[PDB]
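For reference, the structure discussed in these notes is given below.
Where a number appears in this text, it was derived from the coordinates with a stated rule and is not lab data. Reconstructed Cβ throughout: ideal geometry from the backbone, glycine too, with neighbour counts over all protein chains shown.
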């Protein structure tokens, strides 16, 4: 049973590390969408 | 050798858990960074 409490781990660890590989897009989808922003509003404040 | 190897897996039960909460809460200020600036995107482009 001590290995039974071991074996049910790495099941959800594959879920959470994929979930950890899930959030890196929302990490990265912001970073492009801010580099599309502060580069254009810095261009836009230059236009004003 | 079980419990020394086991405790490293429960560290990843905590590390992959909290680093998931590291991102989406960092996403919250990231999503706050967008819509409160995108309102200022329209108003300055309204001025042009």
Top-ranked residue in the stretch A:24-46 [being closer than 19 Å to residue B:44 by Cα and exposed (fewer than 11 other Cβ atoms within 10 Å of the Cβ); ranked as nearest to the other protein chains (Cβ to nearest Cβ)]: A:45
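Here is a yes/no grid of residues against (1) part of a helix (DSSP H, G or I); (2) closer than 30 Å to residue B:37 by Cα; (3) over 14 Å from the mean Cα position of the chain (by Cα):
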{"position": "A:15", "(1), (2), (3)": "yes, no, yes"}
{"position": "A:19", "(1), (2), (3)": "yes, yes, no"}
{"position": "A:25", "(1), (2), (3)": "yes, yes, no"}
{"position": "A:31", "(1), (2), (3)": "yes, yes, no"}
{"position": "A:39", "(1), (2), (3)": "yes, yes, yes"}
{"position": "A:42", "(1), (2), (3)": "yes, yes, yes"}
{"position": "A:46", "(1), (2), (3)": "yes, yes, yes"}
